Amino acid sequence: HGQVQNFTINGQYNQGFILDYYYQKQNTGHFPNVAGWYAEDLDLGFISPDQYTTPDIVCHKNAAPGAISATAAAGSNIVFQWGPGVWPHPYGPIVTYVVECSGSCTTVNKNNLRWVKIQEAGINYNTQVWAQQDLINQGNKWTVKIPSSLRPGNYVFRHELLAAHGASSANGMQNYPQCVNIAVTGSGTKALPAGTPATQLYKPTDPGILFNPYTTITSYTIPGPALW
């Protein structure tokens, strides 16, 4: 359990969506305009395999686009900061996707977004240590590079932890997707390819979704489509 509360682009601070804003909205009808998506999981919980074909897998529970967008040059590093507490969950991979928006991302139909994998990290076979343990050891921070070749445009980045402590059972994998609006500028010239609807990323029986984390692992298939 946890959420992306803020993030940096080339060191520069950007405000993310925090749970306090959900309660602001309940009380007053409005909340601060931020690049992180609004979402309604009040515990900072997860989406389950039985929800892999539902709108909630796109950007988490009842999610809606942030009212503004951040911005970054292609080749920039994003550092997602998870919180408010230390990440609980030392087992599992970390993946990040990007999708382009037709028009502003602030008003996009999330269900029409098509995702391209730009980062993935699993288990180090020699240490048996997962990417999520590395996240805990890096102060809840994860670095993702925006591909240098990516052409300017309005994009959404979908950063996701797949906590695998329960993955040996059907429906046990816990997905924590978090979306942020980040427009891209600069000197990249390549269009994003066709990509994959979020509802087609994962199946409950995929080899890296349903597996035993409590035994020595010599081969692991990180879930989702191929790295771009």
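Quick note: we count residues from 1 along the sequence shown, nothing fancier.
As the entry records it, the average C-alpha temperature factor is higher for 141-149, out of 141-149 and 94-102. For the pair 27-35 and 167-175, the mean B factor over Cα atoms is greater in 27-35.
Between the residues 48, 53, 196, 187, the entry's highest C-alpha temperature factor is the one at 187.
Ranked against the other modelled residues of its chain, the C-alpha B-factor of residue 70 as given in the entry falls in the middle third. Residue-level temperature factors show residue 156 in the lowest third of its chain, judged at the C-alpha atom.
Among the modelled residues of its chain, residue 76 has a C-alpha B-factor that falls in the highest third, as given in the PDB entry. The entry lists a Cα temperature factor for residue 192 that places it in the highest third of the chain's modelled residues. Among the modelled residues of its chain, residue 115 has a C-alpha B-factor that falls in the lowest third according to the deposited record.
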